[PDB]
Amino acid sequence: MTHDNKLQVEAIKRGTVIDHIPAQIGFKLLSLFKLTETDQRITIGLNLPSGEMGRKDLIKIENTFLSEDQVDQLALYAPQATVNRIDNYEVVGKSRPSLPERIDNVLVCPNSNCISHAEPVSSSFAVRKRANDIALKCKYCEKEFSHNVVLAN
Amino acid sequence: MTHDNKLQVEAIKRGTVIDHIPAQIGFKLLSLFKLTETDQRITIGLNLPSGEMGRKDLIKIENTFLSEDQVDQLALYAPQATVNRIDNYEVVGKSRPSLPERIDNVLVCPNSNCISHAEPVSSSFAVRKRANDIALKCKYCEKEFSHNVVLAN
Amino acid sequence: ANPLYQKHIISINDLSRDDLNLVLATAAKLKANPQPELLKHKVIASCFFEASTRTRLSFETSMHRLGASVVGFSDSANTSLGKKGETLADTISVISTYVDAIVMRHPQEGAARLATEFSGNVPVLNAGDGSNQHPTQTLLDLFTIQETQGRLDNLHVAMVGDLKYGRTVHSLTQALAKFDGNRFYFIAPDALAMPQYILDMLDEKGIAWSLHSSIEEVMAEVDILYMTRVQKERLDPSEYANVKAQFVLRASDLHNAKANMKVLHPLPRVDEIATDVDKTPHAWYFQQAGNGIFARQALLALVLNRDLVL
Amino acid sequence: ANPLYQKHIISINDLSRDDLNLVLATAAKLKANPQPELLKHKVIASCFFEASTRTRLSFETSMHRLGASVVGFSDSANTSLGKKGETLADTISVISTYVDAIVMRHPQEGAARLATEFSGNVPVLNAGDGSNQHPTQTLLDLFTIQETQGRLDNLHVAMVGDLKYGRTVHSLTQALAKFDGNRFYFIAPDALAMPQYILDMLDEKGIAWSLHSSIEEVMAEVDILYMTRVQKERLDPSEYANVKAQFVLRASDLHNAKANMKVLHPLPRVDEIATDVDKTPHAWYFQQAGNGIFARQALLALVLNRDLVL
Amino acid sequence: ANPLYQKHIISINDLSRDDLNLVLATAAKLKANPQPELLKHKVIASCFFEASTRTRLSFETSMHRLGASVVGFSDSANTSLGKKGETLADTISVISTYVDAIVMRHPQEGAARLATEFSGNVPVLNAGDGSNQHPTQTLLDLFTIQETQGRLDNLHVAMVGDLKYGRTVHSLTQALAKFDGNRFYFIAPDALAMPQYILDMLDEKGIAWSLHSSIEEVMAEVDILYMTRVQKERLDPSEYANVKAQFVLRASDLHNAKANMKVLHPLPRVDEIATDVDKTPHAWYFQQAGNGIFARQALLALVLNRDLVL
Amino acid sequence: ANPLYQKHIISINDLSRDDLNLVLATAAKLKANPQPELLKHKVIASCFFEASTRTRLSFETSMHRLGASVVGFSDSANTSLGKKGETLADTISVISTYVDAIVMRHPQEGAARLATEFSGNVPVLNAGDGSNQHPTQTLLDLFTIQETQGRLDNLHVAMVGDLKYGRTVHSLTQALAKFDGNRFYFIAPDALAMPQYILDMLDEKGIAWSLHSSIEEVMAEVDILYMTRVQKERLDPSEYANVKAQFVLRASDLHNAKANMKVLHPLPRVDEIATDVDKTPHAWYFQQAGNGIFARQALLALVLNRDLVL
Ligand SMILES: NC(=O)N[C@@H](CC(=O)O)C(=O)O
Ligand SMILES: NC(=O)N[C@@H](CC(=O)O)C(=O)O
Ligand SMILES: NC(=O)N[C@@H](CC(=O)O)C(=O)O
Ligand SMILES: NC(=O)N[C@@H](CC(=O)O)C(=O)O
Ligand SMILES: [Zn+2]
Ligand SMILES: [Zn+2]
């Protein structure tokens with residue numbers, strides 16, 4: 001419980017932290033989840049080395065906490081991401097993303113004839129895990145696809 | 001010329017630095033100029049106070065330099081931005097953004113009948129400064145607009 | 001027999017303040033206490049020589065709501081009347097021997113008036129002649145303003161968009177000008193400004209009005225925000241987009257609006273009112289359209305039923 | 001209040017076995033004892049953004065049969081909604097302020113579901129979104145099988161033709177799979193076989209099913225012969241004709257059928273069932289269509305009337 | 001090799017005064033001494049994505065007058081290109097491997113310019129992108145004025161009609177402003193006035209210009225009476241006719257015209273120039289159209305032939 | 001007189017290996033040394049009963065490149081032939097008394113063959129009967145492979161996409177099977193696999209071929225990457241997109257391709273080859289289309305000119 005500050009990583013106080021992010025997934029989380037749309041401070045690190053081999057991405061949002069559902073909404077993009085909460089100028093929480101049962105406002109329906117495209121509604125898909133593949137079902141057209149098809153827009 | 005560092009600002013060696021960025025202009029520069037699309041390290045700071053009043057944004061890309069034209073391609077978004085170059089683990093260059101004569105691959109033509117929309121070409125506009133307004137002319141339709149109209153897509 | 005019994009309703013300008021009040025009152029009452037069999041054994045013709053689904057469903061729904069029967073068409077080469085030889089007169093001379101009333105929309109100005117000279121004791125209601133007098137449209141607008149504002153006098157009205165080719169706005173301005181102390185704010189690009197004959201009319205009556213470049217200037221003092229439809233055709237695609245600036249409404253613009261202010265719009269909307277406005281308390285264009293049912297029910301009631309009570 | 005009161009009926013898959021039973025029972029009763037004024041003062045919108053005469057006449061007839069009033073359109077450039085700018089949402093947001101219910105068919109999947117989010121307490125019934133969930137179609141099929149077979153369990157069902165692009169069959173297979181002991185026989189050319197996800201579903205429930213090249217193999221043990229529509233487009237004109245072999249039904253094929261076996265077919269028929277089949281006792285596709293009236297009447301009754309008795 | 005050899009001709013504003021002079025000079029020479037075999041073994045593509053018979057006939061006739069070969073289309077359900085998805089880019093990337101030159105007209109602005117990035121050493125001549133840069137059209141106007149007036153400097157030019165949407169006049173005004181001492185007279189209804197940016201351009205060059213309500217005011221001192229086309233769409237049928245007053249030319253108005261004054265009109269005429277004008281010596285619109293051949297022949301010669309003499 | 005003199009060119013399968021070689025040889029020679037007057041005083045009919053701009057422009061351009069004269073049409077409400085009753089026979093019996101050669105495209109299979117029985121010594125070139133035998137199309141593909149690869153034997157060929165309905169690949173596979181030691185790689189979704197009769201033909205000749213799910217597997221050893229067109233109609237919009245996976249080409253996939261590998265595509269492209277491929281050295285589809293001129297010029301020369309030299 002002290003005041004010893006470092007450098008190669010910015011460890012300010014009071015904020016949610018997203019550690020361990022696959023290469024090229026950090027910027028997407030930013031875009032997809034509108035995480036920069038606020039006045040609270042934000043410290044971002046890209047291509048920063050960490051424990052596990054290779055390179056990764058790091059995101060920190062001062063004075064802002066993510067629910068349980070929100071963290072999970074990262075499973076599809078950052079499955080091995082760590083989300084440490086921070087207060088008291090220290091770690092007061094921690095959790096790992098778990099594949100949700102539903103994903104909204106972020107995916108696009110592969111079906112060109114789906115009503116959701118020209119309409120003022122939020123996209124929505126039902127989730128199901130299976131051998132070498134995630135199945136996403138559209139709330140609207142009720143058509144089902146592999147996440148590898150849905151993430152190739 | 002020595003080793004001694006600070007936390008409330010990442011000051012790694014070798015790389016271009018974009019200081020003083022209007023609030024909500026940092027994330028756009030990232031998107032608009034595909035700056036995260038590389039393997040080189042990137043340190044981003046958002047809503048960080050500086051020399052002047054009005055929270056700002058900060059961007060730093062290790063081992064990568066911007067030309068003269070590129071820097072200028074920031075005048076329309078970050079007019080009061082400072083772009084300090086860095087090597088020797090210190091400032092080896094510096095320049096401010098000056099309104100270019102051309103702006104490609106980023107703006108969208110407000111004219112819905114312009115051929116550039118459904119086609120595989122890069123957008124392109126001519127720039128002219130004037131009273132309370134910048135005039136952008138499409139390379140293709142040759143129609144002219146105010147930057148306040150072009151940037152309202 | 002009420003003053004409007006068996007009368008033709010062609011132009012909003014043929015209606016006196018008393019008539020307007022009479023229609024407006026009947027509408028509130030039919031809305032409060034529905035009367036399903038008022039026009040039980042009546043058969044009304046819905047003749048849409050020119051298609052207009054929204055307005056058609058609205059009128060026809062009104063008809064059924066009063067127990068009336070409906071026959072008609074939404075001509076658009078979907079019928080056999082288009083046979084250019086046959087005159088509108090002859091068509092009305094025939095249809096008027098079949099029904100008890102004629103609700104008609106036509107692409108030509110004066111269609112309904114002419115119909116009046118060939119129907120015979122059979123009243124004709126003007127859906128709308130292209131470009132002239134869409135009666136029931138102004139009545140539903142008026143009815144909606146009265147209900148939300150509680151009155152039609154001493155109001156601050158702003159009309160935005162294409163005020164040059166916007167007949168619903170010409171019609172609504174003239175109607176509101178039959179009430180006292182209203183203040184008008186006209187926001188529109190020079191190329192589509194309010195016609196000079198409208199301003200002359202407002203001057204004759206000493207009615208206050210002023211021009212403004214954007215909604216921001218007035219917002220804080222407007223009770224009614226009437227949003228108009230801007231067709232790209234009246235302009236060049238480059239001219240449109242260009243000027244389209246701030247003549248469109250977004251939730252942002254409503255930060256300092258008055259708690260009672262209501263936003264209205266003849267319903268074809270897009271490129272005018274951002275969907276983020278739909279959730280605010282000011283959005284009232286779907287309610288507006290919803291009132292078309294009562295205003296049109298009221299009109300049919302007064303015209304086809306001698307003495308309607310509460 | 002019955003379980004389906006004021007509910008939206010969009011996908012056959014959103015209905016529980018209890019719901020199906022409830023609709024099926026109501027239909028038999030309305031068929032035995034007609035109730036002409038059940039929906040007397042109600043106004044229902046028949047919105048066919050996409051034309052479908054047969055289904056339209058069927059739904060609308062159901063409506064009148066219960067005394068309800070109808071307004072709507074069979075859009076196909078015959079209306080003014082097609083104006084591409086305006087969203088389906090905005091259209092439903094308007095029409096839902098006019099009527100008590102919305103029966104709609106649309107060329108796009110999800111149309112009705114979306115409508116549900118913009119109508120408000122006003123229930124929407126899915127005629128059909130192109131390619132997804134035609135509720136009342138499966139309900140009339142089920143109702144027809146139940147009536148002729150006396151039950152929906154322990155039946156031998158054969159489905160012939162284009163099982164790949166046949167939604168009425170995907171829908172009917174899934175529905176019958178909510179009943180026990182049914183045996184399925186799938187007859188179709190490889191290029192149009194039953195989708196693997198349907199077979200997986202039947203496997204999960206341990207339901208017996210097998211593939212067969214022609215109707216001749218099963219005929220002797222089938223209680224229901226569901227004939228599908230094979231559009232030439234899904235194939236090449238040469239491929240069609242070629243394979244069209246024995247996927248068509250002729251009276252000859254019925255020599256050893258079971259006395260109770262019934263032949264069904266979503267009604268667009270030709271190039272599938274020879275007219276010499278119309279006179280046999282097995283032909284039941286016109287009766288099938290005839291049951292659409294009761295199944296759809298039942299649906300409207302349950303949705304718009306709190307507590308319907310016998 | 002002449003300055004225009006292998007050059008693309010997209011915008012009039014891309015041509016220097018020398019270029020204009022060079023094209024004009026060549027036209028007069030080809031007109032005086034025809035060269036039928038100049039482009040003998042050449043094949044030119046006449047791609048009219050957007051139909052325009054008069055202009056197409058003119059261009060194509062020019063191609064034959066020079067011996068060139070012609071292939072192409074007028075795309076409006078006349079071809080299979082419209083099929084959506086296939087870009088203009090790909091279309092030009094293909095056609096440009098077939099022909100030696102591409103003359104194209106397209107409904108979208110910037111179509112020819114874009115074509116230039118996909119053709120490859122194969123020159124593209126912009127018939128016209130809808131409402132942007134009709135080069136050959138302005139060149140034929142200039143050639144007509146020079147031939148009838150003997151020069152393009154120190155002239156009195158009157159442009160009447162729809163100066164706001166009249167692209168032929170925006171281009172002609174800019175071309176003429178590249179020459180010295182011209183005096184301009186703009187006659188048009190306020191709602192269709194010459195755009196402010198054209199006037200700004202004229203002020204920059206200190207060129208004299210003035211507005212007038214009718215032709216009568218200037219007639220006595222005009223050398224060129226450029227008559228524009230007034231589409232009814234840019235206005236209301238009532239607004240049209242109404243203002244149509246005196247913006248039309250009749251033989252009467254020509255009583256005090258200068259002997260050398262010529263009347264021009266992009267060719268779609270009617271409701272602008274009364275037939276009684278055709279017989280006067282001033283009428284020159286058909287001669288004008290006649291000059292399109294030489295102006296367009298000249299452009300082709302310079303672009304496809306290295307060094308053309310007299 | 002060359003072997004193809006005055007011969008009809010209806011089916012690719014009607015041409016012997018010598019014929020192919022002879023056409024290919026001629027094409028290269030005409031390409032190296034153009035002969036603008038070869039068919040000087042000849043008139044050829046370009047009869048496109050079914051529109052096909054690209055192919056028509058290509059053929060017609062070929063006719064002019066040789067000096068021939070051209071008359072014809074693209075029949076789709078563009079002519080008066082469609083008038084029903086008048087047979088194709090009679091149409092050809094007439095036109096064949098006008099011209100020296102008939103190049104035709106028709107929506108029905110066997111149209112060109114039938115034409116041959118009514119033309120009379122006047123040769124008919126089959127542009128294409130819808131989905132049967134597009135001779136010149138295969139000849140231009142072969143000519144492209146031979147020119148880029150230097151031969152048509154012992155090559156590794158990959159065909160991707162809709163191999164079931166892709167007639168250009170059925171023809172190209174059969175043409176290539178007339179040459180020795182070629183290795184074939186068929187990449188496609190099961191629902192659009194190469195027809196069994198093509199594979200049988202390859203087995204008969206002991207030709208090597210294999211199926212693969214994606215291009216990645218073979219890429220490293222392919223000399224020709226033949227990209228096919230995948231119409232959405234042959235499937236369901238959901239089925240399309242879904243399977244569309246990796247059946248599309250992107251510059252990325254080309255990282256380990258052989259230096260000499262060429263990418264081809266009958267020209268309607270989009271949703272198959274990403275534009276980022278256009279800049280690589282492998283992209284050869286526009287060059288491919290470019291070769292249609294020489295292949296079609298060659299066919300015309302051999303058919304209309306007794307003895308053509310180098
Ligand atoms: N024709 C009209 O006057 N109105 C149309 C809307 C439209 O213009 O599309 C309607 O549906 O009401
Ligand atoms: N459109 C449909 O879904 N059905 C049509 C039959 C047809 O396809 O012609 C009908 O009349 O019901
Ligand atoms: N479309 C055009 O640009 N021109 C038409 C004239 C016309 O509009 O009728 C023509 O025939 O040249
Ligand atoms: N119809 C055809 O056979 N070909 C079309 C291409 C297309 O289908 O768009 C063409 O332009 O060549
Ligand atoms: Zn969907
Ligand atoms: Zn543009």
Side-chain angles (χ1 to χ4, degrees), chain C residues 12-13 15 17 20-21 23-24 27 133-189 192-230 246-249 253-254 256-267 269 272-273 277 280-289 291-292 295:
Chain C
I12 192 66
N13 276 181
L15 299 170
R17 150 187 277 290
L20 296 179
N21 285 320
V23 173
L24 297 171
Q133 257 358 314
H134 183 195
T136 68
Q137 198 56 40
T138 308
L139 288 163
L140 79 85
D141 283 351
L142 284 170
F143 180 74
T144 305
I145 298 178
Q146 169 184 267
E147 221 197 64
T148 68
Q149 301 319 294
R151 76 193 122 114
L152 291 174
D153 69 292
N154 269 282
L155 293 170
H156 291 75
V157 185
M159 320 193 103
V160 183
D162 176 22
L163 311 179
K164 187 180 185 186
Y165 300 106
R167 289 298 281 167
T168 55
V169 287
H170 294 177
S171 189
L172 175 62
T173 297
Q174 299 196 289
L176 288 169
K178 299 172 84 68
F179 296 82
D180 312 298
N182 285 329
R183 216 289 186 55
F184 296 102
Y185 301 95
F186 305 141
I187 301 89
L192 304 171
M194 186 69 91
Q196 181 60 53
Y197 84 103
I198 287 289
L199 304 182
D200 290 330
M201 176 253 96
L202 293 172
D203 297 311
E204 305 185 65
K205 297 169 165 284
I207 304 180
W209 65 267
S210 59
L211 312 184
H212 302 274
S213 294
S214 57
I215 302 75
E216 61 189 62
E217 314 183 34
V218 304
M219 186 57 79
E221 55 227 11
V222 30
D223 301 297
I224 290 297
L225 184 60
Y226 197 88
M227 295 295 290
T228 225
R229 166 60 168 175
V230 182
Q246 189 49 13
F247 286 125
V248 298
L249 185 64
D253 306 307
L254 309 178
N256 62 320
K258 308 212 314 184
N260 66 93
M261 187 278 281
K262 289 303 184 195
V263 172
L264 310 196
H265 191 311
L267 228 20
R269 151 275 200 145
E272 276 107 37
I273 298 171
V277 168
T280 75
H282 308 107
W284 213 251
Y285 23 91
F286 293 127
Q287 285 80 341
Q288 179 182 352
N291 282 329

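Naming: A, B, ... by sequence-line order, numbering from 1 per chain.
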Practice task
Measure the shortest side-chain to side-chain distance between C/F184 and C/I198 over non-hydrogen atoms and say whether it is less than 4.5 angstrom.
Solution key: no
Exercise for the section: Please round to the nearest 0.5 Å and tell me the distance separating atom CD of C/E221 and atom CG of C/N256. Expected result: 9.5 Å
Practice task
Find out whether C/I207 and C/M201 are in side-chain contact, i.e. whether some heavy atom of one side chain is under 4.5 Å from a heavy atom of the other.
Solution key: yes
Handout entry: C/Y226 vs C/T168 side-chain heavy atoms within contact, under 4.5 Å
Key = yes
Fill in the blank from the handout: dist C/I12:CD1 -> C/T138:OG1 (nearest 0.5 Å) comes out at 4.5 Å
Handout entry: Expected output: side-chain C/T148 to main-chain C/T144 donor-acceptor under 3.5 Å
Key = yes
Exercise for the section: With rounding to the nearest 0.5 Å, note down the distance linking CD1 in C/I187 to CE in C/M159. Expected result: 9.5 Å
Completion exercise
Correct closest heavy-atom pair for C/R17 and C/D180 would be NH2-N, 4.0 Å
Practice task
Determine whether the side chains of C/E217 and C/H212 contain a donor N or O and an acceptor N or O closer than 3.5 Å.
Solution key: yes
Exercise for the section: Grab the two heavy atoms, one from C/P189 and one from C/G161, that are nearest each other, plus how far apart they are. Expected result: CD-O, 3.8 Å
Fill in the blank from the handout: Taken to the nearest 0.5 Å, the spacing of C/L225 CG from C/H156 NE2 works out to 14.0 Å
Exercise for the section: Kindly say whether C/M219 contributes a backbone atom to a donor-acceptor pair with the side chain of C/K258 at under 3.5 angstrom? Expected result: no
Problem - Non-hydrogen side-chain atoms of C/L202 and C/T173 separated by less than 4.5 Å - result: yes
Problem - Between C/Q287 and C/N291, a side-chain donor and acceptor under 3.5 Å - result: no
Exercise for the section: Report yes if the side chains of C/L267 and C/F286 come closer than 4.5 Å at any heavy-atom pair, otherwise no. Expected result: yes
Problem - Min side-chain heavy-atom separation C/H134-C/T136 under 4.5 Å - result: yes
Practice task
Heavy atoms only: give me the nearest C/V23-C/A295 pair and the separation to one decimal.
Solution key: CG1-O, 4.3 Å
Problem - Side-chain (C/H170) to main-chain (C/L163) donor-acceptor, under 3.5 angstrom - result: yes
Handout entry: Side-chain heavy atoms of C/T228 within contact of C/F247, under 4.5 Å
Key = no
Completion exercise
Scanning both residues in full, the closest heavy-atom pair of C/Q133 with C/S171 reads OE1-OG, 3.7 Å
Problem - Any donor-acceptor pair under 3.5 Å from C/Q149 side chain to C/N260 backbone - result: yes
Handout entry: Candidate list C/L249, C/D162, C/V230, test side-chain contact (heavy atoms from CB on, under 4.5 Å), partner C/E272, passing option
Key = C/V230
Completion exercise
The side-chain contact (heavy atoms from CB on, under 4.5 Å) partner of C/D223 among C/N154, C/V157, C/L155 is C/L155
Practice task
Look at the side chain of C/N182 and the backbone N and O of C/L152, then say whether any donor-acceptor pair between them is shorter than 3.5 Å.
Solution key: yes
Practice task
State, yes or no, whether a side-chain contact exists between C/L199 and C/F186 at a heavy-atom distance under 4.5 Å.
Solution key: yes
Practice task
Starting from the C-alpha separation in whole Å, work towards a yes-or-no answer on side-chain contact (heavy atoms from CB on, under 4.5 Å) for C/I145 and C/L264.
Solution key: CA-CA 9 Å; C/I145 298 178; C/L264 310 196; 3.9 Å; yes
Exercise for the section: Would you check, one step at a time, whether the test side-chain contact (heavy atoms from CB on, under 4.5 Å) holds for C/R229 with C/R269? Expected result: CA-CA 7 Å; C/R229 166 60 168 175; C/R269 151 275 200 145; over 6 Å; no
Practice task
Kindly give the heavy-atom pair with the smallest separation between C/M261 and C/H282, and that separation in Å.
Solution key: O-CD2, 3.1 Å
Exercise for the section: Using the side-chain contact (heavy atoms from CB on, under 4.5 Å) rule, take C/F179 and C/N21 through it: C-alpha gap first, then chi angles, then the decisive distance, then the call. Expected result: CA-CA 11 Å; C/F179 296 82; C/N21 285 320; 4.1 Å; yes
Handout entry: Straight-line distance of C/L140 CG to C/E147 CD, nearest 0.5 Å
Key = 11.5 Å
Exercise for the section: Search all heavy atoms of C/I215 against all heavy atoms of C/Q246 and return the closest pair with its distance. Expected result: CD1-O, 2.8 Å
